[PDB]
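Before any questions on binding or motion, here is one chain by itself as structure tokens, the form deposited in one PDB entry.
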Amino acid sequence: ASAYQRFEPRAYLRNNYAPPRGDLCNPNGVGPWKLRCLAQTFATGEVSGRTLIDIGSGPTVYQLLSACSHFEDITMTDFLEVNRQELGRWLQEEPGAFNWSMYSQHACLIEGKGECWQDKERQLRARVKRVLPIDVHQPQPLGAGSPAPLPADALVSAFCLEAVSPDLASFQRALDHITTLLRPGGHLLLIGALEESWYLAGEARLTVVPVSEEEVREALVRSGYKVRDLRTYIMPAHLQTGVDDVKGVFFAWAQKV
């Protein structure tokens, strides 16, 4: 856990959201794949409501681009101060903010409603009301009297749980911990790494639990979800880059039942 104390936001963004993993031009890469999963799911019309929470956002916003037009109250979270600070920089268009414009643009491309990427960002920034501390290990991940409208209509989380969990069972408990924040009938969009065991964030070396698709599936069941969709992306060689050892990325669409 203390390992996340060395976690460098910029190095993380560099390793994961700049080229080659950050090149959105090629349809076969992980970035486009994730954006595609998110967009397709929301285009169904079946994930809707007023409030949404993003569990373990880190310094990233890409995972809400398609989401932001189906929820007017959005809550972002992370365990580290530095990540929340980094988010603020983008939300407030402050100086030195990370540049997400390529991703906004591509979400506008994929969604295909003729939306300009500035409108897209504008809405996102508008609908994110708060950026809050959170610890999934706690049965009440958001603490007692959070300003977060509970329970949420929907949840999103990407590359968080498996990355904060020593083993399968901690991963299971965490899933249970965040699930409490989710209204019955609500939706969870879980994105994460397949069979990963470590990744680097500057001086920080983080341990990861290597999970399989079927493992992810069963965990969702055991947490009280009906799995609407589970797809896998296999990591091409050219995107195996020495920053981690992830083999693939899973996308899960689940519904609390």
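Whichever C-alpha set is largest while still superposing within 1.5 Å between the two forms counts as the rigid core. Each residue number is its position in the shown sequence, starting from 1.
Averaged over their C-alpha atoms, the temperature factors of 90 to 98 and 111 to 119 are higher for 90 to 98. Legend: mean Cα B-factor per stretch from the PDB entry, 49 to 57 versus 31 to 39; the higher mean is in 49 to 57. Out of 169, 158, 76, 144, the entry records its largest CA B-factor for 144. In the deposited entry, the Cα temperature factor of residue 189 sits in the bottom third of values across the chain's modelled residues. In the deposited entry, the Cα temperature factor of residue 183 places it in the highest third of its chain's modelled residues. In the deposited entry, the Cα temperature factor of residue 134 sits in the middle third of values across the chain's modelled residues. Ranked by C-alpha B-factor against the other modelled residues of its chain, residue 195 falls in the lowest third.
In this PDB entry, residue 69 carries a Cα temperature factor that places it within the middle third of its chain's modelled residues.
The form deposited in another entry exists for this protein as well; it is not shown, and the discussion that follows is about that form.
Of the residues checked (55, 201, 52, 189), the rigid-core alignment between the shown form and the other one shows a Cα shift of at least 2 Å for 201 alone. Once both forms are fitted on their core, a CA shift of 2 Å or more is seen for residue 20 between the shown form and the other one.
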